[PDB]
Amino acid sequence: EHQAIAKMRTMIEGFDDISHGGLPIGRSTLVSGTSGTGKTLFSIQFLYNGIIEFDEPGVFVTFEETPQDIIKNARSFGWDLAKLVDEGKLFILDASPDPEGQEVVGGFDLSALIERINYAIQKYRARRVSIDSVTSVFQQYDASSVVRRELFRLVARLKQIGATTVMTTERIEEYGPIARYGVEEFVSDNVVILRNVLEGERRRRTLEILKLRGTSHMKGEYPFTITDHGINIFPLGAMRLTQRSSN
Amino acid sequence: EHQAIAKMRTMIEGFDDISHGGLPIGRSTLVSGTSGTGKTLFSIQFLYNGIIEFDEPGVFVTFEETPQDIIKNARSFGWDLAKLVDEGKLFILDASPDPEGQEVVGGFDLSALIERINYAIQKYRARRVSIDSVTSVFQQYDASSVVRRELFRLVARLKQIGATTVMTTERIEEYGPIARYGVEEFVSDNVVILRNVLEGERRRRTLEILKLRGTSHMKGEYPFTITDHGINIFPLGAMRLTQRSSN
Amino acid sequence: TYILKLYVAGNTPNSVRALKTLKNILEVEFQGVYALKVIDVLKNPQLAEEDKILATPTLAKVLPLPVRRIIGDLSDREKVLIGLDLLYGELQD
Amino acid sequence: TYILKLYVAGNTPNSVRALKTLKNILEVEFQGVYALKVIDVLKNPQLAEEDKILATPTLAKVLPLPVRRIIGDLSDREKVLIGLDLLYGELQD
Amino acid sequence: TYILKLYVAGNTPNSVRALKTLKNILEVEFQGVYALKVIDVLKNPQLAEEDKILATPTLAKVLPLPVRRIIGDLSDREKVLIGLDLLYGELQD
């Protein structure tokens, strides 16, 4: 109403503390990171927790992976996505490509695509949406600005339905541009960066909330690991001293 | 079935520990590295161990080297590949080029090539496949995206037959992009990086499993050497303390 | 002549643009008319997904014959029509 | 006139397309007819492999004369036919 | 035939230039005349702003039909007229 923007809980351990309450409701959050940083995992965990914890239905739009592979790989975290799909609480929308596709001009694919995303959200009454691998849809149209503001048409339309959306995308360097192809220009409201930094010959995973428009959040990088229960962050700064003592 | 992805043992000393069991079955693993890092050796050892240890037949697709040279160089590790070919347990498929080739348009080579790979796998009942020097097939077609998703057609088709596949490819820097020409976009399920790092004027060889979709693995770099018995890695972190003591 | 169908973004003009080219090319070939039907991706994204038809505009021929998927957001479109004509010639062949 | 052979993907229309161009060009030249035979790569990939013929569609002339391999997935194809005509002229030469 | 309106910089000649092209193209199409009215951005920038019409010269069709905004400071202008003709053909379609 006349209040500051509210947030929806991800229930991703540590993240709701870093974000001071979760992801801003009814807006898009970009999650950008090099290959294998945990973007797709973040975007699945977001939808899964919504279904399991809050009975909020989800739509997962896949541009890179097949739905069969998304479901099979999620078993790694003890998540049965096939059951949720059967129950109608999750819908996986396949926009990944036939190996057999051909030459194109025009970006209208994508108008039809936005309408299918809308229809799915309404059909499943979804409140959470994940869009996986914006980078991939860019590579299919060669970063022509027909994909670029067809992307803005998507971000806009999601905001109109009031969907709360995670969009994942690739970057090439750990400490360099936010997103390959400048994706952060469109998914611009909120930006989360996942890193997999080389410390000598060892890797350290970190998560940073760079920006959340209209609200507060913790700053800088926070280390995390990926476990059999998904992403697990820890809130060094957020800890508080309330604990009791006795003689 | 309804289980997490299973793995097939490489029997490459140390690697099955780093990968927690071997290479994910029925999928492709990219092995990327600068010139002379041991990619081709890895891909041969994978097939050889399958034949010798498990009686699993192999197909080796060669884009850079001739089959005669592949066989002659493998004698360095005490491996008699000619015997295995004579016995029908190994098939080397020659896709390296005549020095005499000419100008082309069209990537259909490659549709015919995929079909020959399929036929060989079925003829020899192979369960392991190695594809050597993806970089080379890229240079023959000048990284036109006709080779790029003819590559995806190959990765897809391999997955359909249930082949477990190693694909080798080149990179230019030790700490830079994963693969020249962006090969990791297609051989995307699993990524292994071999490095030959300059430490002052000395070289140190390391192996890293960057990513295995749907399963766990050790992280960061692990040093190895190449010996008269092939690749030899060591598992510093994996060691366990079970050993007995007495007074 | 073919249950032929085209998937469009929202009856976007590129789609309609291509559609006319598709219609023009298609009409040219012969008897055994092809039926051209457009499917609004916006209306039913479900079928698009099964076809794994991620990109628009796209064209898909169900039958007769085997099924094929012709796509590409870029307006290849005249070139795509030429390719379709070549297919007809091979159909002619 | 040449044991001449062409390898096609699956009698794909590009192949057939090229084939007609090959046939048309070939017929034009002279007496000593060339025999045009197509080899289905799908049917026997083994020979393709020996020829190291990775790419399709492709054309290979075994004899008479030395053997040559003409390929390129892209439809150079009219240009390829022109090159073949030039070879015939040098054969004419 | 369309409440059609054009926004011009100050009746700059490019605008007038385009206007004639717009008028010429528009007159060509058919009955159901389109009304061409120019709006001086200088006179009322407020409406331009609501339309978020930042650039001039620009053309906007309010009705009948849905509203569209045609713009671009560069004189695409003959090309823009051709696009308008294509729209009419689709309107004709």
# chains A, B, ... in the order shown; residues from 1 in each chain; ligands from 1
>>> residues_around(residues="residue 52 in chain D", least_positions_apart="2", cutoff="9 Å", atoms="only C-alpha atoms", output="list in words")
residues 93, 94, 95, 96, 97 and 98 of chain B; 47, 48, 49, 50, 54 and 55 of chain D
>>> residues_around(residues="range 10-16 of chain A", least_positions_apart="6", cutoff="8 Å", atoms="only C-alpha atoms", output="JSON, numbers by chain")
{"A": [22, 23, 45, 46, 49, 50, 231, 232, 233, 234, 235]}
>>> select_by_dssp(residues="chain E", states="strand (DSSP E or B)", output="ChimeraX atom specification")
/E:3-8,35-40,58-63,68-70
>>> write_last_selection(atoms="N, CA, C and O atoms", output="tab-separated table (two decimals), in the first residue's frame")
chain	number	residue	atom	x	y	z
E	3	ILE	N	-8.16	8.22	-36.45
E	3	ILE	CA	-7.52	9.35	-35.87
E	3	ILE	C	-6.06	9.05	-35.84
E	3	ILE	O	-5.56	8.21	-35.09
E	4	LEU	N	-5.33	9.74	-36.74
E	4	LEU	CA	-3.92	9.59	-36.87
E	4	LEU	C	-3.34	10.92	-36.55
E	4	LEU	O	-3.91	11.96	-36.90
E	5	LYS	N	-2.19	10.95	-35.83
E	5	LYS	CA	-1.62	12.21	-35.47
E	5	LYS	C	-0.13	12.12	-35.53
E	5	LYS	O	0.44	11.05	-35.33
E	6	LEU	N	0.54	13.25	-35.83
E	6	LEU	CA	1.98	13.29	-35.94
E	6	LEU	C	2.50	14.37	-35.05
E	6	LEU	O	1.94	15.46	-35.00
E	7	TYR	N	3.62	14.10	-34.35
E	7	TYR	CA	4.17	15.12	-33.49
E	7	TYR	C	5.41	15.62	-34.15
E	7	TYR	O	6.28	14.84	-34.53
E	8	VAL	N	5.51	16.96	-34.32
E	8	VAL	CA	6.64	17.55	-34.98
E	8	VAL	C	7.31	18.55	-34.07
E	8	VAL	O	6.67	19.17	-33.22
E	35	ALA	N	-7.59	10.63	-40.57
E	35	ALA	CA	-7.45	12.03	-40.32
E	35	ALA	C	-6.05	12.26	-39.87
E	35	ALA	O	-5.58	11.65	-38.91
E	36	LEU	N	-5.34	13.18	-40.55
E	36	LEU	CA	-3.96	13.43	-40.22
E	36	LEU	C	-3.93	14.74	-39.48
E	36	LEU	O	-4.30	15.77	-40.03
E	37	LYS	N	-3.49	14.71	-38.21
E	37	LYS	CA	-3.39	15.93	-37.46
E	37	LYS	C	-2.03	15.99	-36.86
E	37	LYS	O	-1.51	15.01	-36.34
E	38	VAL	N	-1.40	17.19	-36.93
E	38	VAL	CA	-0.08	17.33	-36.39
E	38	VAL	C	-0.18	18.00	-35.06
E	38	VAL	O	-1.01	18.89	-34.86
E	39	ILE	N	0.66	17.57	-34.10
E	39	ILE	CA	0.65	18.18	-32.80
E	39	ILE	C	1.99	18.80	-32.60
E	39	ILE	O	3.02	18.16	-32.76
E	40	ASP	N	2.00	20.10	-32.25
E	40	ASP	CA	3.24	20.80	-32.07
E	40	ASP	C	3.72	20.46	-30.70
E	40	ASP	O	3.12	20.83	-29.70
E	58	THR	N	7.52	12.10	-34.66
E	58	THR	CA	6.90	10.85	-34.34
E	58	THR	C	5.50	10.85	-34.85
E	58	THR	O	4.92	11.90	-35.12
E	59	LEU	N	4.93	9.64	-34.99
E	59	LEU	CA	3.60	9.43	-35.49
E	59	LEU	C	2.92	8.52	-34.53
E	59	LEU	O	3.52	7.56	-34.05
E	60	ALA	N	1.65	8.81	-34.18
E	60	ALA	CA	0.96	7.93	-33.27
E	60	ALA	C	-0.45	7.76	-33.75
E	60	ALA	O	-1.13	8.73	-34.05
E	61	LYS	N	-0.93	6.50	-33.81
E	61	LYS	CA	-2.28	6.29	-34.23
E	61	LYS	C	-3.08	5.92	-33.02
E	61	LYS	O	-2.79	4.91	-32.38
E	62	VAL	N	-4.04	6.78	-32.65
E	62	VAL	CA	-4.88	6.52	-31.52
E	62	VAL	C	-5.93	5.48	-31.82
E	62	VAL	O	-6.03	4.47	-31.12
E	63	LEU	N	-6.74	5.67	-32.88
E	63	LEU	CA	-7.81	4.75	-33.19
E	63	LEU	C	-8.23	4.99	-34.61
E	63	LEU	O	-7.77	5.95	-35.22
E	68	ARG	N	-0.68	2.70	-31.57
E	68	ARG	CA	0.68	2.37	-31.87
E	68	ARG	C	1.46	3.64	-31.87
E	68	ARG	O	0.91	4.73	-32.03
E	69	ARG	N	2.79	3.52	-31.67
E	69	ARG	CA	3.65	4.66	-31.63
E	69	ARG	C	4.73	4.44	-32.64
E	69	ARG	O	5.52	3.50	-32.52
E	70	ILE	N	4.83	5.32	-33.65
E	70	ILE	CA	5.87	5.17	-34.62
E	70	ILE	C	6.76	6.36	-34.49
E	70	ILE	O	6.30	7.50	-34.45
>>> closest_residue(among="A:203, A:83, A:9, A:125", to="chain B", atoms="only C-alpha atoms")
A:203
>>> residues_around(residues="residue 28 in chain D", least_positions_apart="6", cutoff="12 Å", atoms="only C-alpha atoms", output="NGL selection string")
:D and (1 or 21-22 or 34 or 81-82 or 84-85 or 88-89)
>>> calpha_fit_and_write(fixed="chain D", moving="chain C", output="compact mmCIF listing (two decimals) with N, CA and C atoms, in the first residue's frame")
# COMPACT_ATOMS: atom_id res chain seq x y z
N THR C 1 34.51 -40.42 -67.52
CA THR C 1 33.17 -40.66 -66.99
C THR C 1 33.16 -41.83 -66.01
N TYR C 2 34.16 -41.87 -65.14
CA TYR C 2 33.96 -41.56 -63.73
C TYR C 2 32.94 -42.50 -63.10
N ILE C 3 33.43 -43.41 -62.25
CA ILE C 3 32.71 -43.80 -61.08
C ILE C 3 32.70 -42.61 -60.17
N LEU C 4 31.51 -41.99 -60.08
CA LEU C 4 31.30 -40.84 -59.26
C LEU C 4 30.28 -41.25 -58.24
N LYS C 5 30.45 -40.79 -56.98
CA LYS C 5 29.52 -41.19 -55.97
C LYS C 5 29.29 -40.04 -55.04
N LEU C 6 28.08 -39.97 -54.44
CA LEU C 6 27.72 -38.92 -53.53
C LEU C 6 27.24 -39.52 -52.25
N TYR C 7 27.63 -38.94 -51.10
CA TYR C 7 27.18 -39.47 -49.85
C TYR C 7 26.17 -38.50 -49.30
N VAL C 8 24.97 -39.01 -48.94
CA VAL C 8 23.92 -38.17 -48.45
C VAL C 8 23.49 -38.63 -47.08
N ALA C 9 23.00 -37.66 -46.28
CA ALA C 9 22.61 -37.74 -44.89
C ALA C 9 21.46 -38.65 -44.68
N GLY C 10 20.53 -38.68 -45.63
CA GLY C 10 19.43 -39.57 -45.47
C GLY C 10 18.57 -39.20 -46.60
N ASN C 11 19.25 -39.01 -47.74
CA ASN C 11 18.56 -38.56 -48.89
C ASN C 11 17.86 -37.31 -48.49
N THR C 12 18.58 -36.44 -47.75
CA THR C 12 18.00 -35.20 -47.33
C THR C 12 17.86 -34.40 -48.57
N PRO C 13 16.96 -33.46 -48.54
CA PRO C 13 16.68 -32.65 -49.69
C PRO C 13 17.84 -31.80 -50.10
N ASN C 14 18.73 -31.44 -49.17
CA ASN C 14 19.84 -30.66 -49.62
C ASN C 14 20.64 -31.54 -50.53
N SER C 15 20.78 -32.81 -50.13
CA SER C 15 21.57 -33.75 -50.87
C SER C 15 20.95 -33.93 -52.21
N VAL C 16 19.62 -34.16 -52.23
CA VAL C 16 18.95 -34.38 -53.47
C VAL C 16 19.06 -33.13 -54.28
N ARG C 17 19.00 -31.97 -53.60
CA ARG C 17 19.08 -30.70 -54.25
C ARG C 17 20.38 -30.63 -54.97
N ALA C 18 21.47 -30.92 -54.25
CA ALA C 18 22.79 -30.88 -54.81
C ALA C 18 22.90 -31.92 -55.87
N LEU C 19 22.25 -33.07 -55.65
CA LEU C 19 22.39 -34.16 -56.56
C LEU C 19 21.92 -33.71 -57.90
N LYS C 20 20.78 -33.00 -57.96
CA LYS C 20 20.29 -32.60 -59.24
C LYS C 20 21.28 -31.67 -59.85
N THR C 21 21.89 -30.78 -59.06
CA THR C 21 22.84 -29.87 -59.64
C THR C 21 24.00 -30.67 -60.14
N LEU C 22 24.43 -31.69 -59.38
CA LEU C 22 25.55 -32.47 -59.80
C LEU C 22 25.19 -33.19 -61.06
N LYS C 23 23.98 -33.76 -61.11
CA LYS C 23 23.55 -34.50 -62.26
C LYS C 23 23.46 -33.58 -63.43
N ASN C 24 22.91 -32.37 -63.23
CA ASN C 24 22.73 -31.47 -64.33
C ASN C 24 24.06 -31.06 -64.88
N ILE C 25 25.01 -30.70 -64.00
CA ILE C 25 26.29 -30.23 -64.46
C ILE C 25 26.97 -31.35 -65.18
N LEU C 26 26.94 -32.55 -64.57
CA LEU C 26 27.67 -33.69 -65.04
C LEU C 26 27.17 -34.07 -66.40
N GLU C 27 25.84 -34.05 -66.60
CA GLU C 27 25.29 -34.48 -67.86
C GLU C 27 25.78 -33.58 -68.94
N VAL C 28 25.97 -32.29 -68.62
CA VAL C 28 26.30 -31.30 -69.61
C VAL C 28 27.60 -31.58 -70.32
N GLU C 29 28.62 -32.12 -69.62
CA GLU C 29 29.95 -32.11 -70.19
C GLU C 29 30.20 -32.87 -71.47
N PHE C 30 29.92 -34.18 -71.59
CA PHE C 30 30.41 -34.79 -72.81
C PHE C 30 30.07 -36.25 -72.79
N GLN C 31 30.75 -37.04 -73.65
CA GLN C 31 30.58 -38.46 -73.76
C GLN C 31 31.40 -39.06 -72.66
N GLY C 32 31.45 -40.41 -72.57
CA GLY C 32 32.19 -40.96 -71.48
C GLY C 32 31.42 -40.59 -70.25
N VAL C 33 30.16 -41.06 -70.20
CA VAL C 33 29.24 -40.72 -69.15
C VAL C 33 29.84 -41.07 -67.83
N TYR C 34 29.49 -40.25 -66.81
CA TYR C 34 29.89 -40.45 -65.45
C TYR C 34 28.77 -41.19 -64.79
N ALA C 35 29.09 -42.16 -63.91
CA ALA C 35 28.06 -42.88 -63.22
C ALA C 35 27.86 -42.21 -61.90
N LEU C 36 26.61 -41.82 -61.60
CA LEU C 36 26.34 -41.13 -60.37
C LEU C 36 25.67 -42.11 -59.46
N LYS C 37 26.31 -42.41 -58.31
CA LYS C 37 25.71 -43.31 -57.37
C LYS C 37 25.74 -42.67 -56.03
N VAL C 38 24.62 -42.78 -55.29
CA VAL C 38 24.56 -42.17 -54.00
C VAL C 38 24.76 -43.23 -52.97
N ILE C 39 25.49 -42.89 -51.88
CA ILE C 39 25.71 -43.83 -50.83
C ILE C 39 25.07 -43.29 -49.60
N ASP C 40 24.20 -44.10 -48.97
CA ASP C 40 23.51 -43.64 -47.80
C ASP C 40 24.45 -43.81 -46.65
N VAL C 41 24.85 -42.67 -46.06
CA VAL C 41 25.78 -42.69 -44.96
C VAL C 41 25.14 -43.48 -43.86
N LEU C 42 23.81 -43.36 -43.73
CA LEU C 42 23.11 -44.03 -42.68
C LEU C 42 23.29 -45.50 -42.89
N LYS C 43 23.20 -45.97 -44.16
CA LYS C 43 23.31 -47.38 -44.39
C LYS C 43 24.70 -47.88 -44.10
N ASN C 44 25.75 -47.22 -44.62
CA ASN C 44 27.06 -47.75 -44.33
C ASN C 44 27.98 -46.63 -43.94
N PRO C 45 28.06 -46.37 -42.67
CA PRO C 45 28.96 -45.35 -42.21
C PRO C 45 30.39 -45.81 -42.24
N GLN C 46 30.64 -47.12 -42.42
CA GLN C 46 31.98 -47.62 -42.33
C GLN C 46 32.84 -47.08 -43.43
N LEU C 47 32.35 -47.09 -44.68
CA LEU C 47 33.12 -46.63 -45.80
C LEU C 47 33.35 -45.16 -45.67
N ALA C 48 32.37 -44.44 -45.10
CA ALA C 48 32.49 -43.02 -44.97
C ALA C 48 33.66 -42.75 -44.09
N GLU C 49 33.79 -43.54 -43.01
CA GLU C 49 34.82 -43.34 -42.04
C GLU C 49 36.16 -43.57 -42.66
N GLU C 50 36.29 -44.60 -43.52
CA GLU C 50 37.58 -44.87 -44.08
C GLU C 50 38.00 -43.71 -44.92
N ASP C 51 37.06 -43.17 -45.70
CA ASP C 51 37.28 -42.03 -46.54
C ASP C 51 37.51 -40.86 -45.64
N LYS C 52 37.24 -41.06 -44.33
CA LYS C 52 37.40 -40.04 -43.35
C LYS C 52 36.42 -39.00 -43.71
N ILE C 53 35.39 -39.43 -44.45
CA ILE C 53 34.37 -38.55 -44.88
C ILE C 53 33.45 -38.39 -43.72
N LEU C 54 33.72 -37.33 -42.95
CA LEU C 54 32.97 -36.90 -41.81
C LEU C 54 31.77 -36.09 -42.20
N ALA C 55 31.85 -35.29 -43.28
CA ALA C 55 30.81 -34.32 -43.53
C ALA C 55 29.92 -34.70 -44.66
N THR C 56 28.64 -34.28 -44.55
CA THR C 56 27.65 -34.54 -45.55
C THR C 56 26.86 -33.29 -45.79
N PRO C 57 26.33 -33.10 -46.97
CA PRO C 57 26.52 -34.03 -48.06
C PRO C 57 27.90 -33.93 -48.61
N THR C 58 28.37 -35.00 -49.29
CA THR C 58 29.69 -34.98 -49.87
C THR C 58 29.66 -35.73 -51.16
N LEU C 59 30.67 -35.47 -52.01
CA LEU C 59 30.81 -36.07 -53.30
C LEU C 59 32.21 -36.58 -53.39
N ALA C 60 32.40 -37.81 -53.93
CA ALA C 60 33.74 -38.31 -54.05
C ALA C 60 33.87 -39.00 -55.37
N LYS C 61 34.95 -38.69 -56.12
CA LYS C 61 35.14 -39.35 -57.38
C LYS C 61 36.25 -40.33 -57.21
N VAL C 62 35.93 -41.63 -57.35
CA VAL C 62 36.92 -42.65 -57.24
C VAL C 62 37.80 -42.75 -58.46
N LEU C 63 37.21 -42.89 -59.67
CA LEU C 63 37.98 -43.05 -60.88
C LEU C 63 37.08 -42.77 -62.04
N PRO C 64 37.58 -42.68 -63.25
CA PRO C 64 38.98 -42.81 -63.53
C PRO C 64 39.69 -41.58 -63.07
N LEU C 65 41.03 -41.64 -63.00
CA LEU C 65 41.86 -40.55 -62.58
C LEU C 65 42.09 -40.71 -61.11
N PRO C 66 42.76 -39.75 -60.53
CA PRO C 66 42.98 -39.82 -59.12
C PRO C 66 41.71 -39.55 -58.39
N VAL C 67 41.67 -39.87 -57.08
CA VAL C 67 40.46 -39.69 -56.33
C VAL C 67 40.44 -38.33 -55.71
N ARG C 68 39.23 -37.74 -55.60
CA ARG C 68 39.09 -36.45 -54.98
C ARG C 68 37.91 -36.52 -54.07
N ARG C 69 37.88 -35.61 -53.08
CA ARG C 69 36.81 -35.58 -52.12
C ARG C 69 36.24 -34.20 -52.14
N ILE C 70 34.95 -34.07 -52.49
CA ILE C 70 34.35 -32.77 -52.48
C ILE C 70 33.29 -32.78 -51.43
N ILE C 71 33.29 -31.77 -50.54
CA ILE C 71 32.40 -31.79 -49.42
C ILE C 71 32.02 -30.38 -49.08
N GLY C 72 31.46 -30.23 -47.86
CA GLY C 72 31.03 -29.00 -47.27
C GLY C 72 29.57 -29.13 -47.04
N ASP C 73 29.15 -29.12 -45.78
CA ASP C 73 27.75 -29.23 -45.41
C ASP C 73 26.93 -28.08 -45.98
N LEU C 74 27.51 -26.89 -45.99
CA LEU C 74 26.83 -25.72 -46.53
C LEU C 74 26.60 -25.97 -48.01
N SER C 75 25.54 -25.39 -48.55
CA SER C 75 25.22 -25.54 -49.97
C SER C 75 25.95 -24.50 -50.81
N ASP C 76 27.25 -24.38 -50.61
CA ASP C 76 28.15 -23.92 -51.66
C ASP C 76 27.56 -24.20 -53.04
N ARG C 77 26.44 -24.91 -53.06
CA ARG C 77 26.30 -26.09 -53.90
C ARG C 77 26.42 -25.73 -55.38
N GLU C 78 25.80 -24.61 -55.77
CA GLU C 78 25.93 -24.10 -57.12
C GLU C 78 27.38 -23.71 -57.43
N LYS C 79 28.03 -23.09 -56.45
CA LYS C 79 29.44 -22.75 -56.56
C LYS C 79 30.29 -24.01 -56.71
N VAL C 80 29.93 -25.05 -55.97
CA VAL C 80 30.61 -26.33 -56.06
C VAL C 80 30.45 -26.92 -57.46
N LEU C 81 29.25 -26.78 -58.01
CA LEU C 81 28.97 -27.24 -59.37
C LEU C 81 29.82 -26.47 -60.38
N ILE C 82 29.96 -25.17 -60.16
CA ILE C 82 30.81 -24.35 -61.02
C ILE C 82 32.26 -24.80 -60.95
N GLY C 83 32.71 -25.14 -59.75
CA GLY C 83 34.06 -25.66 -59.56
C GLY C 83 34.25 -26.98 -60.30
N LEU C 84 33.23 -27.83 -60.25
CA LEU C 84 33.25 -29.10 -60.96
C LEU C 84 33.34 -28.87 -62.46
N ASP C 85 32.61 -27.87 -62.94
CA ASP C 85 32.65 -27.49 -64.35
C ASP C 85 34.04 -27.01 -64.74
N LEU C 86 34.67 -26.25 -63.86
CA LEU C 86 36.04 -25.80 -64.08
C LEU C 86 37.00 -26.98 -64.16
N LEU C 87 36.78 -27.97 -63.29
CA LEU C 87 37.58 -29.19 -63.31
C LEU C 87 37.40 -29.94 -64.63
N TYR C 88 36.16 -29.97 -65.12
CA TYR C 88 35.87 -30.59 -66.41
C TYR C 88 36.58 -29.86 -67.54
N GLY C 89 36.61 -28.54 -67.46
CA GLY C 89 37.32 -27.72 -68.44
C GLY C 89 38.81 -28.03 -68.41
N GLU C 90 39.35 -28.20 -67.21
CA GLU C 90 40.73 -28.64 -67.05
C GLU C 90 40.90 -30.10 -67.48
N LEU C 91 39.87 -30.91 -67.22
CA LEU C 91 39.72 -32.19 -67.90
C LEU C 91 39.54 -32.01 -69.40
N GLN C 92 38.76 -31.00 -69.78
CA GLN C 92 38.70 -30.57 -71.17
C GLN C 92 40.05 -30.05 -71.65
N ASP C 93 40.73 -29.30 -70.78
CA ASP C 93 42.10 -28.88 -71.05
C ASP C 93 43.05 -30.08 -71.07
>>> select_by_dssp(residues="chain C", states="helix (DSSP H, G or I)", output="number ranges by chain")
C: 13-29, 45-50, 77-92
>>> interface_residues(of="chain A", to="chain B", cutoff="12 Å", atoms="only C-alpha atoms", output="PyMOL selection string")
chain A and resi 34-38+40-41+64-66+68-83+97-103+133+135-136+139-142+170-174+196-205+225-228+230
>>> atom_distance(atom1="CA of residue 29 in chain A", atom2="CA of residue 224 in chain A")
19.0 Å
>>> atom_distance(atom1="CA of residue 138 in chain A", atom2="CA of residue 165 in chain A")
18.5 Å
>>> atom_distance(atom1="CA of residue 62 in chain B", atom2="CA of residue 17 in chain B")
28.2 Å
>>> residues_around(residues="range 56-58 of chain B", least_positions_apart="2", cutoff="10 Å", atoms="only C-alpha atoms", output="compact mmCIF listing (two decimals) with N, CA and C atoms, in the first residue's frame")
# COMPACT_ATOMS: atom_id res chain seq x y z
N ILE B 44 42.07 -42.00 -23.22
CA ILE B 44 42.49 -43.36 -23.58
C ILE B 44 42.44 -44.29 -22.38
N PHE B 46 40.67 -44.09 -19.78
CA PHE B 46 39.26 -44.33 -19.48
C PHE B 46 38.74 -45.54 -20.24
N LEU B 47 39.02 -45.58 -21.54
CA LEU B 47 38.55 -46.68 -22.39
C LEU B 47 39.30 -47.97 -22.12
N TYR B 48 40.62 -47.84 -21.93
CA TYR B 48 41.48 -49.00 -21.70
C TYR B 48 41.10 -49.71 -20.41
N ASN B 49 40.92 -48.95 -19.34
CA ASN B 49 40.55 -49.54 -18.07
C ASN B 49 39.17 -50.20 -18.16
N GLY B 50 38.25 -49.60 -18.90
CA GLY B 50 36.94 -50.21 -19.09
C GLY B 50 37.06 -51.59 -19.73
N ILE B 51 37.88 -51.70 -20.78
CA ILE B 51 38.08 -52.97 -21.46
C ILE B 51 38.79 -53.98 -20.55
N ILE B 52 39.91 -53.58 -19.97
CA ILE B 52 40.71 -54.51 -19.20
C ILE B 52 40.07 -54.88 -17.87
N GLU B 53 39.44 -53.92 -17.19
CA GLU B 53 38.97 -54.20 -15.83
C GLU B 53 37.55 -54.73 -15.80
N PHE B 54 36.73 -54.30 -16.76
CA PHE B 54 35.30 -54.58 -16.71
C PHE B 54 34.76 -55.27 -17.96
N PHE B 60 36.77 -44.90 -29.64
CA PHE B 60 37.60 -43.70 -29.54
C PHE B 60 37.46 -42.98 -30.85
N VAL B 61 36.88 -41.79 -30.81
CA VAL B 61 36.70 -40.97 -32.00
C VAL B 61 37.86 -39.97 -32.07
N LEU B 84 43.68 -54.95 -28.70
CA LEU B 84 42.28 -54.76 -28.30
C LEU B 84 41.41 -54.49 -29.52
N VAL B 85 42.00 -53.81 -30.51
CA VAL B 85 41.28 -53.54 -31.76
C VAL B 85 41.09 -54.87 -32.50
N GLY B 88 38.38 -56.84 -31.11
CA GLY B 88 37.07 -56.22 -31.23
C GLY B 88 36.54 -55.55 -29.96
N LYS B 89 37.42 -55.27 -29.00
CA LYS B 89 37.02 -54.65 -27.74
C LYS B 89 37.19 -53.14 -27.79
N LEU B 90 38.04 -52.68 -28.71
CA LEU B 90 38.24 -51.26 -28.94
C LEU B 90 38.04 -50.98 -30.42
N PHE B 91 37.34 -49.90 -30.74
CA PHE B 91 37.28 -49.42 -32.11
C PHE B 91 37.77 -47.98 -32.14
N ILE B 92 38.75 -47.70 -32.99
CA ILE B 92 39.18 -46.32 -33.18
C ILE B 92 38.54 -45.79 -34.46
N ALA B 120 29.03 -47.54 -34.75
CA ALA B 120 30.20 -48.15 -34.13
C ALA B 120 29.88 -48.57 -32.70
N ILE B 121 29.18 -47.70 -31.98
CA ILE B 121 28.84 -48.00 -30.59
C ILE B 121 28.00 -49.27 -30.53
N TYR B 124 30.11 -52.55 -31.77
CA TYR B 124 31.06 -53.05 -30.78
C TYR B 124 30.46 -53.16 -29.38
N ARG B 125 29.16 -52.86 -29.26
CA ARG B 125 28.43 -52.88 -27.99
C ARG B 125 29.20 -52.09 -26.94
N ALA B 126 29.66 -50.91 -27.33
CA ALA B 126 30.49 -50.09 -26.45
C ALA B 126 29.69 -49.41 -25.36
N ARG B 127 30.27 -49.33 -24.17
CA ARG B 127 29.62 -48.61 -23.08
C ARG B 127 30.38 -47.34 -22.73
N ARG B 128 31.62 -47.25 -23.22
CA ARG B 128 32.45 -46.07 -22.98
C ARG B 128 32.85 -45.50 -24.33
N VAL B 129 32.81 -44.18 -24.43
CA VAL B 129 33.19 -43.47 -25.65
C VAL B 129 34.16 -42.33 -25.30
N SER B 130 35.20 -42.14 -26.10
CA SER B 130 36.01 -40.94 -25.95
C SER B 130 36.00 -40.17 -27.26
N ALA B 163 25.54 -43.98 -23.74
CA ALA B 163 26.99 -44.03 -23.75
C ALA B 163 27.54 -43.15 -22.62
N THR B 164 28.62 -43.57 -21.98
CA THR B 164 29.29 -42.71 -21.01
C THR B 164 30.53 -42.17 -21.71
N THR B 165 30.65 -40.85 -21.82
CA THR B 165 31.54 -40.28 -22.83
C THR B 165 32.51 -39.28 -22.21
